[PDB]
Every structure is written in structure tokens, then in C-alpha cells.
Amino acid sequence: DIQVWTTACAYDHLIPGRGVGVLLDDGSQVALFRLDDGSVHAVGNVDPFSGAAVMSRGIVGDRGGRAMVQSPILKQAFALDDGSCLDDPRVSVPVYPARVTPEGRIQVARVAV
């Protein structure tokens, strides 16, 4: 595995709970969120039911303490940690490594060979 990092933005430019769409080096589309605990999480931007590129516009919440985003129309919950649909175990979005560098830059990786 190699991680190919795309720099999203300055940490202090992302408001907690307000997702943003990020384009990775290979064209993958990502929904990026910062949470109240300071963490950043990147999941697939495409709703896996409708194909709508709108996940970044979803509402961040909790399900039994577990951080999630609800898709905008269909209102289905996806865990931010592993991209699993919490409402339908057979469905998921991809999850992408996401970090904040010591200097305060948010990056998102895709994994390549």
C-alpha cells in the first residue's frame, strides 16, 4: 500500500459539522467533515443508493455514540469511521484516511498499490 495525499484545506477553515466535497488526485470524490472532538473524517461523496454526489451536504450526528452522517434526501446514516451504512449493513460508502498535519493542514489519502 501507498498513501497518496491530497491537501484539502487549512484546519481552521473547516467549521465542525459542515461537510465539504474534496477531489482527490485520481478523481475520487470525497465528503470531508471535521467533528467537535477535533477529528476529520473523509467518506465517499456519492450516496450509494441514489448516486447523488451530495454526502458532503449531509447532517452529522450520533447513533449510539457513533459519529455518522445522514444522506440529504434519503436520510440514511453512514458511520464516519468505516463508511458502513448503519441502517442497512449490506451498503456502505468508502472511507479515506484523513489527517491534520502538525502545522494544521487537513489532508485526505487514497490508497494505491
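Numbers for residues come from their place in the sequence shown, where the first is 1.
In this entry, the higher average B-factor at the C-alpha atoms falls on 65-73, of the pair 24-32 and 65-73.
The question of which stretch, 74-82 or 37-45, has the higher mean Cα B factor is settled in favour of 74-82. Per the deposited record, the Cα B-factor of residue 53 falls in the middle third when ranked against the other modelled residues of its chain. The PDB entry assigns residue 105 a C-alpha temperature factor belonging to the middle third of its chain's modelled residues. Ranked by C-alpha B-factor against the other modelled residues of its chain, residue 98 falls in the lowest third.
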